[PDB]
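Visitor: got a structure for you, letters missing:
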Ligand SMILES: CC/C=C\C/C=C\C/C=C\C/C=C\C/C=C\C/C=C\CCC(=O)O[C@H](COC(=O)CCCCCCCCCCCCCCC)COP(=O)(O)OCCN
Ligand SMILES: CC/C=C\C/C=C\C/C=C\C/C=C\C/C=C\C/C=C\CCC(=O)O[C@H](COC(=O)CCCCCCCCCCCCCCC)COP(=O)(O)OCCN
Ligand SMILES: CCCCCCCC/C=C\CCCCCCCC(=O)O[C@H](COC(=O)CCCCCCCCCCCCCCC)COP(=O)([O-])OCC[N+](C)(C)C
Ligand SMILES: CCCCCCCC/C=C\CCCCCCCC(=O)O[C@H](COC(=O)CCCCCCCCCCCCCCC)COP(=O)([O-])OCC[N+](C)(C)C
Ligand SMILES: CCCCCCCC/C=C\CCCCCCCC(=O)O[C@H](COC(=O)CCCCCCCCCCCCCCC)COP(=O)(O)OCCN
Ligand SMILES: CCCCCCCC/C=C\CCCCCCCC(=O)O[C@H](COC(=O)CCCCCCCCCCCCCCC)COP(=O)(O)OCCN
Ligand SMILES: CCCCCCCC/C=C\CCCCCCCC(=O)O[C@H](COC(=O)CCCCCCCCCCCCCCC)COP(=O)(O)OCCN
Ligand SMILES: CCCCCCCC/C=C\CCCCCCCC(=O)O[C@H](COC(=O)CCCCCCCCCCCCCCC)COP(=O)(O)OCCN
Ligand SMILES: CCCCCCCC/C=C\CCCCCCCC(=O)O[C@H](COC(=O)CCCCCCCCCCCCCCC)COP(=O)(O)OCCN
Ligand SMILES: CCCCCCCC/C=C\CCCCCCCC(=O)O[C@H](COC(=O)CCCCCCCCCCCCCCC)COP(=O)(O)OCCN
Ligand SMILES: CC(C)CCC[C@@H](C)[C@H]1CC[C@H]2[C@@H]3CC=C4C[C@@H](O)CC[C@]4(C)[C@H]3CC[C@]12C
Ligand SMILES: CC(C)CCC[C@@H](C)[C@H]1CC[C@H]2[C@@H]3CC=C4C[C@@H](O)CC[C@]4(C)[C@H]3CC[C@]12C
Ligand SMILES: *[C@@H]1O[C@H](CO)[C@@H](O)[C@H](O)[C@H]1NC(C)=O
Ligand SMILES: *[C@@H]1O[C@H](CO)[C@@H](O)[C@H](O)[C@H]1NC(C)=O
Ligand code: NA
Ligand code: NA
């Protein structure tokens, strides 16, 4: 169709693989914090300028859909205004200016050159190569339009901090615009357009290889440097500052994507239907871009909200990969037939399993070698992780067994749904020990729950939906490998664990009890979607009211459970003694 | 034909422009020496491994001309053996093993991935893309074959330094091979061939973008890092160690290129004539590759001959650009008709003028702002540089005036040959003041020689060959813009300066008198070629005995004089106070 979603997963693997290489290099100490500066300087003062110059010089500027650009700039203006006003309305006067300045820059400025451009190039370079040029229009125009306002609030604050009796409103405003004009993304785009007109959009051949060679080294080096700078940045923040972060990231990864797409459809009236739709979806995906790291550099320069801005920028980077993936697949479902669409949910389930298995193997070795698994609640956690790991293996073979070897597909599906009910039940069991932690005097009982209930109940549930003989389901989805019975036993397996975890968590109100409630709290948001899908189907069989879409989110959660545990427990430092 | 020489100049501009960007960044202190380590680690442990892996995995290995590879490996074996034996025959016993170990590694190991591959890709990706794959065969096979021998000599030396009474010949040999096997160029090429067979030469699609993105960032980042590491490396070496360097660099930039080409023709009997010739010339250009910086890393690790190896590696890098350029153009002349061949010597003259002018403008500002120009012999030098600068302007317009505006071409040619005789005469005048420096009590006489002879004699000489009225020469070469008279006056202008400089230099036997004799000594090697060409022609008019080839070297020297002065006097540190 219009978007090459198939090419999206490898593009994400590239983008976030190189980021992870940089993170590992910085954690392994292969490159120290002082040494990472060299890579940053080369990418910011050489690789980036060359890329921007070259792309501005060739930009036709006579075939650019300014309406599409107008609608992205309008969406970002709207998010900037909302966040800034809300911050100025609830932030204490002392940090009101600093927060009203940086917050809306955080919520609108996105990682367009390093992360956005490879994803756009994968999705569009064959269908809509014209979409690529926008990256070099939107990002600098937005910097120019909106960053001066934020820097003006930050300078307004600096004045309060200095308590300077004098007043320099004009000077404050020139300090803001001057900070903007010294950004290479701005003055290099200026020089590049000047030479677009002088060189007549023709890069001098003699300098062409130099420009290509310097700009072709921007992407990998910048993604690697990104990884290096996310080392050690998430510091322990108060719940208040933790709510602020959730609100800030949501505005950039949710409100902006929705607004961008609504703006396009609102002011785009092109007479193609497929082209209006391709442009709307490109606007959504643009808005899903992660927060630019230059924002944390601004916060450092101004020395304001450094910890919250940097924590948020790192968290946003991590979180955008699942959201871009899932959003891009969801925007393609209206355009597919009911059969290629079930073959796509398997494609997606397979991709999530790939990355979830590697995340889980890492988190499992970390717990084992650290020996943290032999203490609670990490002992229960090390059980949920094992259950999640099994799933990712069964799914990656269920796609290789669906509609094949009905017999040998009774096991792969069984080892797929005992474990998967085990992960549903282990989520609930875990929130009990967290509650039992309050009753420390009361020694917990891992025995009888570690396996008797941990996997024994889940395993028995599969037998309940397996008693049927020769009931092998050619259904492309193991969820429908059986009749309503599978939906039933899955809807009630979910009901115990939904209430177990809920009541226990509320009743509950380095043991790491803070991160663990953060786990269960995220795992319950999943148990909500699957429970809804099972009952929703058990009400209107084969429902069409956004059900398949819900059937898709239940696949991402079922085989994405491990990746969640990874972000919580796989990056944690552990004393793993090989000897 | 077979080589795209036209595409060679832009490729060199890319390769050495990025190197110069890195050098400038390191001199301007944009990236410090500790910060440059980060870029090096990323390129060596990530960008390089990915590139090698990817290229080995896809290598067919069933369409590789092993005979061509055999002949390059044989030429390098031969140079390694010659240098090692000569070092073991003349080096004092104390450093004999260290020098016999590192010297032949220096003379054979070349900068194939960072510098070689873009040049090969420019010259060949359209005519012979099969030539590119060799870069990834020759370089690692050579590392494996020849580096263990050198590391064995270095370990043999370490033992003498430790004076360990015990003897571990086997252990010494395993230490050498172990050092070789830990080089990523070796074990990554191993892994890549293993997976060439396992993956059946098919890189997994899911990892393909990751591999391309990491390996596509190798070239620019590695050239930039190269530039950064050449900052401050040329230390003051004794004449002895200075002769050693000239011999070592000549073996790698001259003997190896000649041997490589002779080996190919010797053991290549393919039935195409154009293909045998294209392969011979590709072998020459391979051998002209600069010394790999990994060799200086070996010398650091072993802590042996660090200063000479690093100085030599930096000097070799600088020197290889003119040699690769000129060699590649010379290998194409047999294949061109007498008219496209005169239009090619103008092409070359134009390219050298481009880079010589920028080099001269830099060296001129450095002398002016430093105020060094107002002292001798820098005062005479600042005059020769000005004369060289004029030339580069007249040539870059002579190509735009040749066979055009006969009248307005009488000036461009005149301003081309007064200055050019001025550069010939200023070389001689300069070697006089260097001689006069010995007679310090004898105050020099810049007056009467600064302009009266510096440009007055040269200007009068042009009038001598200009007295002819309406003698405008449509000749594509300003050298033939006039009859034998131009060749005559040019042959005698050269004769004074050849003997002036010679007698004065011999009679002569921060004034910087060491670098200045190094200038005149190099400028006289040029005055030898032009003088020979003029007399050679004045003997056999329009001679065909390698004359045009000599006519080509006189063009490179005439418009390349500034670049020479740049490498001597443009990189020198100077106190330029703008205020
Ligand atoms: C659900 C899965 C579904 C689909 C996925 C499918 C496809 C995705 C595509 C490609 C996969 C590639 C990579 C995945 C993402 C990032 C890895 C790269 C670098 C790690 C840097 C890091 O590790 O960066 C760290 C900062 O990220 C953190 O912490 C993590 C915080 C994240 C929140 C915690 C929950 C985990 C899951 C997140 C999803 C939540 C919402 C999802 C929406 C659907 C820096 O760690 P520190 O050293 O600062 O501290 C370290 C702790 N001590
Ligand atoms: C002749 C011209 C003809 C044709 C040219 C045509 C095309 C060439 C193609 C592209 C041009 C691009 C770049 C030219 C080369 C290098 C520039 C890059 C980086 C500079 C690094 C540096 O600057 O690297 C320096 C180490 O190179 C040195 O010194 C320089 C020593 C070189 C020898 C001195 C003579 C100058 C000319 C060389 C030619 C000699 C033989 C030519 C054969 C034909 C490191 O300087 P340091 O800071 O260590 O010390 C600094 C001093 N205080
Ligand atoms: C004239 C107009 C042309 C168009 C505009 C050009 C735009 C090009 C755009 C992009 C091209 C590449 C730009 C990268 C460098 C400049 C941008 C920048 O801000 O970086 C600067 C480095 O700047 C440098 O160091 C200079 C390096 C340039 C060397 C060129 C080599 C030859 C290549 C030519 C190839 C072929 C040429 C053949 C000729 C025909 C960063 O330095 P800095 O940190 O800011 O300063 C120090 C500050 N502190 C930290 C010390 C305080
Ligand atoms: C299994 C076999 C496969 C084939 C072989 C692979 C070969 C690949 C070849 C090249 C690929 C890239 C190689 C670059 C790193 C490895 C080489 C190396 O020596 O570097 C090392 C870093 O190594 C790392 O840090 C690891 C980083 C890897 C992260 C991958 C991200 C996901 C991408 C997957 C994309 C999609 C995947 C989808 C899945 C379907 C350097 O570290 P070190 O300095 O030596 O150690 C520390 C030593 N001191 C200094 C501290 C003492
Ligand atoms: C879509 C349109 C959005 C409109 C309504 C969105 C709902 C959120 C609105 C307001 C919630 C803001 C307050 C949340 C909790 C803040 C707690 C708080 O008071 O901290 C204050 C933090 O408040 C701020 O600094 C600004 C608050 C966040 C600024 C941006 C607000 C988010 C706007 C975008 C949210 C959009 C998505 C939300 C729903 C999906 C700091 O001052 P202090 O507490 O007095 O001093 C102690 C230092 N922390
Ligand atoms: C979370 C687990 C279970 C929940 C299942 C849904 C999860 C959604 C998560 C967060 C809230 C995002 C929902 C956005 C709703 C906007 C839908 C919309 O209006 O798009 C309409 C149609 O949209 C489409 O074309 C396809 C639907 C997808 C749109 C949203 C796609 C991305 C949102 C999901 C990604 C968010 C987080 C995902 C990460 C796992 C536009 O037409 P309309 O006439 O204006 O409205 C039609 C409604 N009858
Ligand atoms: C064959 C096709 C793909 C195969 C698998 C691709 C993914 C492989 C990912 C990682 C493999 C290498 C991971 C560890 C290598 C080095 C570990 C290391 O030493 O750093 C350690 C820290 O490194 C880390 O923590 C890295 C954390 C993540 C590593 C593995 C993550 C799993 C991937 C999940 C993300 C999804 C992407 C999937 C990509 C396929 C030790 O640091 P420390 O504890 O602070 O103290 C310093 C002690 N040296
Ligand atoms: C093409 C086949 C080449 C064969 C003949 C090439 C002519 C060069 C042959 C021998 C010249 C070698 C000696 C030149 C000057 C060396 C002065 C010298 O004695 O220093 C000695 C330096 O000698 C060495 O270390 C090794 C000499 C250079 C090693 C490599 C020799 C170059 C071989 C390749 C040359 C090929 C091109 C030459 C002609 C274009 C050091 O020992 P020391 O002086 O006793 O202690 C004081 C510390 N320097
Ligand atoms: C230096 C200023 C004035 C001097 C003018 C010449 C400068 C040469 C510089 C250094 C010595 C390099 C000379 C290499 C001579 C090898 C020629 C050769 O054998 O190639 C023969 C033919 O060669 C050709 O096809 C074209 C000639 C070019 C070959 C050498 C090309 C590169 C050498 C020049 C580059 C060296 C430094 C240049 C940097 C400015 C092979 O056939 P043969 O039957 O074996 O011999 C035929 C002889 N009648
Ligand atoms: C428009 C098409 C091409 C236009 C021209 C392209 C070539 C432009 C080359 C260079 C322009 C920038 C050169 C200087 C920029 C910064 C100078 C600087 O501050 O670094 C200075 C050191 O930098 C240098 O020394 C660089 C030396 C070479 C610079 C220019 C070389 C001319 C090019 C000749 C090579 C041929 C390549 C030709 C490429 C077209 C100061 O360092 P310091 O004295 O040790 O003390 C530190 C005080 N800050
Ligand atoms: C849903 C999309 C479209 C908008 C993004 C909202 C969600 C995905 C983002 C907004 C704030 C993010 C959270 C903020 C902070 C933390 C704590 C940190 O340790 C990682 C997990 C967690 C919990 C992040 C998970 C994802 C998160 C909740
Ligand atoms: C001619 C080719 C094919 C072989 C290479 C030999 C020449 C070009 C190389 C070999 C050693 C080099 C010299 C060695 C050392 C110095 C001193 C240093 O300050 C730069 C100039 C100078 C003088 C270099 C100029 C070029 C050089 C003479
Ligand atoms: C729709 O997009 C396609 C793809 O680039 C383009 O060729 C076509 O002109 C567009 N149609 C309209 C009506 O703009
Ligand atoms: C000569 O080289 C060309 C260019 O690749 C190739 O197509 C041709 O097969 C070669 N000829 C012979 C006889 O090998
Ligand atoms: Na980011
Ligand atoms: Na080199």
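Guide: Perfect, thanks for sending it. Residues are numbered from 1 along each chain as shown, chains lettered A, B, ... in the order given. Ligands and ions are numbered 1, 2, ... in the order given.

Visitor: who's in contact with residue A:1?
Guide: A:127, A:274, A:332, A:335 (C-beta atoms under 8 Å, 6 or more residues apart in numbering or on different chains). In this view, the C-beta of every residue, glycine as well, is placed from N, C-alpha and C.

Visitor: Please name the residues that touch the third one.
Guide: Applying C-beta under 8 Å, 6+ apart to residue A:332 gives the contacts A:1, A:3, A:5, A:281, A:344.

Visitor: Identify the farthest-apart pair in these.
Guide: Pairwise distances across these (C-beta to C-beta) peak at 15.5 Å, for the pair A:281 and A:344.

Visitor: More neighbours: the two, which one.
Guide: Here residue A:281 and residue A:344 are set side by side on neighbour count (other C-beta atoms under 10 Å in any protein chain shown), and the busier one is residue A:281, at 22 against 18.

Visitor: where's that one relative to ligand 11, distance?
Guide: In this view, residue A:281 and ligand 11 are 15 Å apart by C-beta to the nearest ligand atom, to the nearest Å.

Visitor: What sits closest to that residue if chain neighbours are left out?
Guide: Closest residue to residue A:281 apart from its sequence neighbours, by C-beta to C-beta, 6 or more residues apart in numbering or on different chains: residue A:331 at 4.4 Å.

Visitor: Count the neighbours of that neighbour for me.
Guide: Neighbours of residue A:331 (other C-beta under 10 Å): 20.

Visitor: ok, it - contacts?
Guide: Going by C-beta under 8 Å, 6+ apart, residue A:331 touches A:3, A:281, A:284, A:285.

Visitor: what about the second one, helix or strand, and which?
Guide: What that stands for is residue A:281. Using DSSP states H and E, residue A:281 falls within helix A:273-287.

Visitor: ok, then the element right after that helix?
Guide: helix A:294-302.

Visitor: Just the closest residue of the stretch 151-300 of chain A to ligand 15, please.
Guide: residue A:290 (3.6 Å; C-beta to the ion).

Visitor: Confirm for me that that residue is in contact with residue A:111.
Guide: Yes: between residue A:290 and residue A:111 there is a contact at 4.6 Å, judged by C-beta atoms under 8 Å.

Visitor: Report the set of residues contacting both of those two.
Guide: Taking C-beta under 8 Å, 6+ apart as the contact rule, residue A:290 and residue A:111 both touch residue A:317.

Visitor: re earlier: can I get the contacts of residue A:332 in CSV including secondary structure?
Guide: Shown next, in CSV, are these (DSSP: H, G, I helix; E, B strand; the rest coil):
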residue, secondary structure
A:1, coil
A:3, coil
A:5, helix
A:281, helix
A:344, helix
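
Visitor: Next secondary structure element downstream of the strand or helix carrying residue A:57?
Guide: Using DSSP H and E, the element containing residue A:57 is helix A:48-58. Using DSSP H and E, the helix or strand that follows helix A:48-58 in sequence is helix A:66-90.

Visitor: Check which helices and strands the following helix or strand past that next one sits against.
Guide: Helices and strands here follow DSSP H and E; after helix A:66-90, the next one along the chain is helix A:93-108. When contacts are defined as 3 or more C-beta pairs under 8 Å, 6 or more residues apart in numbering or on different chains; DSSP states H and E, helix A:93-108 sits against helix A:66-90, helix A:130-162, helix A:239-250, helix A:294-302, helix A:306-330.

Visitor: check whether helix A:93-108 contacts ligand 15.
Guide: No: residues of helix A:93-108 contacting ligand 15 under C-beta under 5 Å from the ion: none, with a closest distance of 10.8 Å.

Visitor: do that helix and ligand 5 meet at all?
Guide: Yes: Helix A:93-108 reaches ligand 5 (C-beta under 6 Å from any ligand atom) through A:99, A:103.

Visitor: Okay, angle between that helix and helix A:66-90 too, please.
Guide: 160 degrees (axes from the mean of the first three to the mean of the last three C-alpha atoms, to 10 degrees).

Visitor: now stretch A:304-313, how far from the centre of its chain.
Guide: Centroid displacement of stretch A:304-313 relative to its chain, using C-alpha atoms, centre = their mean, to the nearest Å, is 18 Å.

Visitor: coming back round to it: and which of the contacts of residue A:1 is nearest ligand 15?
Guide: Ligand 15 lies nearest to residue A:332 out of those, by C-beta to the ion, at 24.6 Å.

Visitor: From ligand 2, how far out is residue A:526?
Guide: Taking C-beta to the nearest ligand atom, one finds residue A:526 at 57 Å from ligand 2.

Visitor: again but with residue A:465, I slipped
Guide: Residue A:465 is 72 Å from ligand 2, where distance means C-beta to the nearest ligand atom.

Visitor: Which stretches in the stretch 451-579 of chain A count as helices?
Guide: A:456-464, A:484-508, A:513-539, A:547-558, A:561-569 (DSSP state H, counting those that start in this stretch).
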